[PDB]
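Heads up, the chain below is alone and in the form deposited in one PDB entry; it's given as structure tokens.
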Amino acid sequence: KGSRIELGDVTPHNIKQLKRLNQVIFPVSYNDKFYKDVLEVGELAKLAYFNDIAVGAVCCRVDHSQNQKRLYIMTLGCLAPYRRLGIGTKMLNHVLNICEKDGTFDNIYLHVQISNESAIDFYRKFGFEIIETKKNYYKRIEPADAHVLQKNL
């Protein structure tokens, strides 16, 4: 009630804004296929607005691996000047809400570069655990290692 944060749908009209946000926020590039897939996942991809200004986004996919139905968060981020305003929480809660309303997901997971202490803190607050550390997950950036964070459902 009175929230300055709103999530909106990703469409062909604003996908360029999502691509721009990811470019600035993330140290790795996402190919044309990632953005094409994003347009087809429905509610699993959203843009976050702060006072109607696009400041972050979340892109997820359904994953069928380890004989499970898993939600894979590919990207979840917010521009640096708008951090610690609850934008990340609003995006994570949106995806946790989808998972709860669907009821067929075993878990939710993502990769977090080991140097991202603030992202590890953020996800651990939501009940995500470090279940593994993947050596050389990244190819062109340092550290190349990524923790796998998972929340069971």
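Each residue number is its position in the shown sequence, starting from 1.
J.: When the C-alpha temperature factors are averaged for each of 30-38 and 49-57, which stretch ends up with the higher value in the entry?
T.: Mean C-alpha B-factor is greater for 30-38.
J.: Quick one: say whether 82-90 or 60-68 has the higher mean Cα B-factor in the deposited entry.
T.: Result of the comparison: 60-68.
J.: Would you mind ranking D145 by its C-alpha B-factor against the rest of the chain and naming the third, lowest, middle or highest?
T.: Middle third.
J.: Could you look up the Cα B-factor of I114 in the entry and say which third of the chain it sits in: lowest, middle or highest?
T.: Middle third of the chain for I114's C-alpha B-factor.
In what follows, reference is made to the form deposited with a partner chain bound, a form of this protein that is not presented.
J.: Is it the case that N51, even though its partner is missing from this view, gets within 4.5 Å of the partner chain in the deposited bound form, heavy atoms only?
T.: Answer yes; at least one heavy atom of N51 falls within 4.5 Å of the partner chain in the deposited bound form.
J.: Do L85 and the partner chain share at least one heavy atom pair within 4.5 Å in the deposited bound form?
T.: It does: once the partner chain is placed as it appears in the deposited bound form, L85 has a heavy atom within 4.5 Å of it.
J.: With a 4.5 Å heavy atom cut-off, would you call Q17 a contact of the partner chain in the deposited bound form?
T.: Yes, contact at 4.5 Å.
J.: Establish, in the deposited bound form, whether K36, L44 and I98 all lie within 4.5 Å of the partner chain, using non-hydrogen atoms for the distance.
T.: Judged in the deposited bound form, none of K36, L44 and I98 sits within 4.5 Å of the partner chain.
J.: Can you check 52-60, 87-95, 100-108, 124-132 and let me know which stretch has heavy atoms within 4.5 Å of the partner chain in the deposited bound form?
T.: Comparing against the partner chain in the deposited bound form, the contact stretch is 52-60.
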